[PDB]
Amino acid sequence: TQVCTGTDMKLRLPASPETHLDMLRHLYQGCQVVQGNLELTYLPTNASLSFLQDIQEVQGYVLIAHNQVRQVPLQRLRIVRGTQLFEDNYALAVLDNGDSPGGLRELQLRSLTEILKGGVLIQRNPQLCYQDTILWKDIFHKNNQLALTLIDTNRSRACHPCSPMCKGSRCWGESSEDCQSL
Amino acid sequence: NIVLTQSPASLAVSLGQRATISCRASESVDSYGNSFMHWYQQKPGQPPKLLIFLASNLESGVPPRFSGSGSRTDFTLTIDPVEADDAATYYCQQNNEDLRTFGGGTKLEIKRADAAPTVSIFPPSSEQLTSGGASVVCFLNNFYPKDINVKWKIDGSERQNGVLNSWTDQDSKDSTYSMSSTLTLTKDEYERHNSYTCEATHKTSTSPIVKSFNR
Amino acid sequence: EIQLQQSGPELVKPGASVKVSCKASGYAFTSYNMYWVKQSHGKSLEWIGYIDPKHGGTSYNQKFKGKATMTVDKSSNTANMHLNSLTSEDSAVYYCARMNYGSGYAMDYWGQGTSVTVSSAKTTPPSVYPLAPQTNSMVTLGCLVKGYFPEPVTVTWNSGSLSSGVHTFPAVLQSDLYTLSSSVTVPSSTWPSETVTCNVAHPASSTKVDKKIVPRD
Ligand SMILES: *[C@@H]1O[C@H](CO)[C@@H](O)[C@H](O)[C@H]1NC(C)=O
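Cut-offs used in this document
Residues numbered from 1 in each chain as written, not as in the entry; some residues may be left out. Chains lettered and ligands numbered in written order. Heavy atoms only, no water. Salt bridge = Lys/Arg side-chain N within 4 Å of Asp/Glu carboxyl O. Helix = DSSP H or I, 4+ residues; strand = E, 2+ residues; numbered from the N terminus. Buried < 20%, exposed > 50% of the residue type's maximum accessible area, 1.4 Å probe, protein only. Pairing = 2+ DSSP bridges. Polar contact = N/O pair within 3.5 Å; in protein donor to acceptor, adjacent residues only side chain to side chain. Domains from an automatic or database assignment. Contact = heavy atoms within 4.5 Å. Buried area = accessible area lost by both parts, 1.4 Å probe. Nonpolar A, V, L, I, M, F, W, Y, C, P; charged D, E, K, R; others polar. Core = buried A, V, L, I, M, F, W, Y, C linked by side-chain atoms within 4.5 Å.

The record lists X-ray crystallography as the method behind this PDB entry and 1.69 Å as its resolution.

The record lists its title as "Crystal structure of anti-HER2 antibody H2Mab-119 in complex with HER2 domain I".

For chain A, the PDB entry supplies the name Receptor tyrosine-protein kinase erbB-2 and the organism Homo sapiens.

Here you go:
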């Protein structure tokens, strides 16, 4: 498969919106396996992110933070290995996305079935729905001994229920294609 | 859940001998080229202390008399040479899954030479008698092994009811035990009789050690 | 040096709740997860959960979900564990312990433990009685500490200047009262010529008493 190298920018503000998006597009276009951390930060509402759509594996951690963009197209992401972790604890960190209102509306991690190491931190995403419905224990791998969670569900909009097609009312978004594969 | 089964549950080892404690896991505790097995020492009334981490790594500051070996489902803590300060309970613990589990513990008794108890009997205090009660106390101090029999005799007749016994844990310096036996009576019942005796029978002699007083 | 300082022993009524605290010093508190562990008397260690102090992520043993709640107070470098709806089966020693990533997530520094007693029995100070004894070269003296609740008491001899040769026995509970004894052995040349006094502190009843040992007839 096509591999790319990840970043280690964490929450630092980029030097320029243009050079930032250009760097991410050139890094991840066509990429399937990120050998490193997938950090997606400070992206504005009009950001074109189709270049992420082939990512299937992240070897480090995924950080989605300080974005106004309403969707992040990671529907093909199947595994986060967590060989590096955000704050040495979290394999998936979704932070401060927000503030039509800006801000991530759904995670839409339809293919995510395994986190091998590290936990899940979801904080201060005022338009984010459904993150409380996910059974994270079905995603943490059996040898993941940092399977800790903090899922902030405070939000500023009312969420429509998971699709009635979804078993156990667990979903990554409103669509019947967004049910959690359990 | 990974179940950890320690063997033996207790053992007695003499100074200078080798102690071997085994931890058998119900499934592998290995992943990513690591054995997620650790070992702790807990002295009575203290927190556990880390000895060995990741099956074989000696924790800094721990004497190299301690070592760990093994892999997959079978692990061993070795103490060689055993020293008096090793009297303690030892635990294995794994975290190859998020659910941490511990073994049931192995109690290590230090085998020293047998020692007879030093026996002392004490009458009820005038203060307690003034309050209406009457406790007779017998101390049986610094003996080994722990097994011991105490008998209370009142005017030559044995009394079993109303006796409370308490043992210390094995001493970390001299590897002995001590015990107290307390016979509690009412003042009026205490005043019914004259001779009070505690008789200590211990492996070190066929003859009991007898201490007595007359009210 | 790294230290984890836990709050003192707690007596709580059945059905109530208790907060156990664990103050960390000697390292960056928010850079390490904190484990919580239960040990019932004479039993093995049980994992309750662990918490990340920086962002508050938690992982609980399912067995303790909803009995225990872990929180942190970063300003005071303190991890707290709240136990709710307490029963007799919650009487135990509770430990905090630091998680070490590099050491395979081992528990490398432990607090001293907080003993929680769940009970309806009333706090009662001890009665302290002298145990007075000669022919021998060493003489054994003692103090009987009777009828107190809850644990613990602290027994010293000569205000702590007699520390060698002491045995303080574990307390035994009877009809909601504890009793224990303490013995001290000294050269017959130091008693009765010089005085020997036990001092018994019982913090839960805000008492501390002295009993001088005088020869029996
Ligand atoms: C997105 O919006 C910003 C203003 O917020 C603008 O400067 C930028 O050129 C826009 N980008 C695209 C691709 O339209």
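### Here we look at the pattern of salt bridges
What the rule picks out here adds up to 23 salt bridges over all chains. Between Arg155(A) and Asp132(A) there is a salt bridge, and its shortest N-O distance comes to 3.2 Å. Residue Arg155(A) is found in the segment after β10 (149-151), and its partner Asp132(A) is found in the loop between β9 (119-123) and β10; the two are separated by 23 residues along the sequence. Here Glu27(B) and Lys142(A) are joined by a salt bridge, their closest N and O atoms 2.6 Å apart. Here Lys142(A) lies in the loop between β9 and β10 and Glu27(B) lies in the loop between β3 (19-25) and β4 (30-31), a pairing that spans two chains. Exposure remark for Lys142(A): the relative accessible area of 48% places this residue in the partly exposed category. Shared partners join several salt bridges into a network, and the residues in it are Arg110(A), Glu177(A) and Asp178(A).

### Section: the pairing of β9(A)
All names here are of chain A. Taking burial as the measure, the 5 residues of β9 include 5 buried ones, the bulk of the element. When strand β7 (residues 90-95) meets β9, the two strands line up parallel, connected through 5 bridges. Considered in β9, the bridge of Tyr90 is made with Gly119. Note that β9 and β10 share 3 bridges and pair parallel. Residue pairing for β10: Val120 is matched across the bridge by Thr149.

### What about the environment of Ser193(C)?
Residues and elements named next belong to chain C. Among the structural elements, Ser193 can be located in the loop between β17 (177-187) and β18 (197-202). Considering only alpha carbons, one finds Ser193 and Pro170, 23 residues apart in sequence, at a separation of 30 Å. At 2.9 Å, the side chain of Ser193 forms a polar contact with the backbone oxygen of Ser189.

### Remarks on the domain arrangement of chain C
On domain assignment, one finds that chain C holds domain 1 (3-118) and domain 2 (127-212). The C-alpha centroid of domain 2 of chain C is placed 33 Å from the C-alpha centroid of domain 1 of chain C.

### A short note on the interface of chain B and chain A
Contacts between the two partners involve 9 residues from chain B and, on the opposite side, 8 residues from chain A. Between chain B and chain A, the buried area comes to about 700 Å², and carbon and sulfur atoms account for 40% of it. Sorting the residues of chain B by area buried against chain A places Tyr32(B), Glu97(B) and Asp98(B) first, and these three jointly supply 57% of that buried surface. Applying the counting criterion to the chain B and chain A interface returns 6 residue pairs in polar contact. Per-class residue counts for the side of chain B that touches chain A are 2 nonpolar, 3 polar and 4 charged.

### Looking at the sheet that holds strand β1 (residues 3-5) of chain A
Backbone hydrogen bonds are what pair the strands of a sheet, in a parallel or an antiparallel way. Residue and element names in this part refer to chain A. What the 5 strands build is an open sheet, ordered β1-β2-β4-β6-β8; its pairing is parallel. Only two strands of the sheet have a single neighbouring strand rather than two, namely β1 and β8 (114-115). Direction of pairing for β1 relative to strand β2 (residues 33-35): parallel, over a ladder of 3 bridges. By the bridge assignment, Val3 is partnered in β2 with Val33.

### Considerations on the nonpolar core
Residues and elements named next belong to chain A. Judged by nonpolar contacts, the single largest core of 70 residues is most densely connected at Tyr28, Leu52, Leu74 and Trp136. Counting residues per element, this core draws most heavily on β7, at 6 residues. Once residues lying within four places of it in the same chain are set aside, the contact partners of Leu74 are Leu38, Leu40, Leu52, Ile55, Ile64, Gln108 and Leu109.

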